[PDB]
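Listed next as structure tokens is one chain, alone, in the form deposited in one PDB entry.
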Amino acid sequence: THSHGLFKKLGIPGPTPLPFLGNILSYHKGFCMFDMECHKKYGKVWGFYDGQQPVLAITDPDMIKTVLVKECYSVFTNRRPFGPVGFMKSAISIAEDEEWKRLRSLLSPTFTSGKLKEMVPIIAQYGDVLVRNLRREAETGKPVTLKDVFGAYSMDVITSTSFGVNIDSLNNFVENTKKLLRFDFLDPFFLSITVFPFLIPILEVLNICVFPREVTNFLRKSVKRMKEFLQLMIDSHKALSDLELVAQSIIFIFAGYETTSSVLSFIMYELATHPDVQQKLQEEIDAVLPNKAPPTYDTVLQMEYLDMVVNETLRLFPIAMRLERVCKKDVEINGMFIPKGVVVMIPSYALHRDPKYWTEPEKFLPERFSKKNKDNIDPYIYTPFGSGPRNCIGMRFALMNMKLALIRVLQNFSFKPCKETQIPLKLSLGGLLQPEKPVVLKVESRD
């Protein structure tokens, strides 16, 4: 337990680590609370230890720009290798160095504006399915669990756009990609792996992994039954393998399900707790789409206030919480020596709520992102989708998918806080950015 002396010899402050555990006991208050308190106590830069792994947090916009953009291909190319992943090591978000660069090139044409434009009529059909299912619980007279309806919509969207299967999940493959697509408190296992990272090779050789070794076997034979986004990988650097075909699919499914449904639930909580914003957004939607006109590609991009609501919600709730890069070699960025093997981390949650760049950070104020004030927002302090060559590849898809769902939802319904609604919203202290109690709101039809 002697890596614990690296930050003191470097002159970098931080919390004093305990033997074996490091600083992981400070995660009791939550990973995000630990980042904000370290930022207030140590200032610009600090370091801590996840067990024996040294992590260096940076808050300077120029230094964040160097890590994520300038020295990406050379120094900060890969993310932190985490617990037993098995064949998921071939996934793009997991691949490293040249194997990632190949997959990034093979999958970048999937998310072009031309491909995204052809997905609008497909995912607009499920927006109508979402509105239909939203009424049978709106006419029910009792509050709605938003994560359930948004979860079924996110799965219906990602299943048809990635492959081509069209299922109504809320009324029902789905049983293997919904229940078998949930995260039943892997927090204790993630903590033990962090404390015992040397046990990872043992779990790998035993073929033990975070995912169940069936869901993949289901998707493995499902993709094999589909032969006669999934098109681009088959039509074809280096040709993609069949097992690597499934790896990228699973990443897109988890990305399309959890991220899209979680942020949509955070948005509706802010619209219900701020009705004047909800009305102003419905007025912009009604003015751009008169008489409940169906949303289109060019239409969604015209709604300026809709973009401000999504941006402000992504400020308060950056579902990735952190950006991380592994230091491949000894470097000196912006006047600071970074030794090899240190996980450089950018605390997005803490930076999005820093009282240095934001007026009243705890307030939900869409006016920060208006055409006037948006110029004063540093793109390396507000990083909801990351930045640089390894940023979110599905940023435009996620923005388009969420906005299409928000428009169709707000065209027909209004959302008010129910008696069961937790106000203020408290965040879970686990490894995922999600509310403590599930978001429930009263839904009322507008017509």
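Quick note: we count residues from 1 along the sequence shown, nothing fancier. Only residues modelled in both forms are compared. Definition used throughout: the rigid core is the maximal C-alpha set that superposes within 1.5 Å between two forms.
Although not depicted, the form deposited in another entry is the subject of the following passage.
For the residue set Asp184, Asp375, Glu332, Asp298, core-aligned C-alpha shifts between this form and the one not shown reach 2 angstroms or more at a single site, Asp184. Here's the thing about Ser93 and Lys179: their CA atoms end up at least 3 Å closer in the other entry than they are in this form. The pair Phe183 and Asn23 is at least 3 angstroms closer at the CA level in the other entry than in the present model. Under a 2 Å criterion for C-alpha shift, the lone consecutive stretch of 3+ residues that differs between this form and the one not shown after core superposition lies at 179-186.
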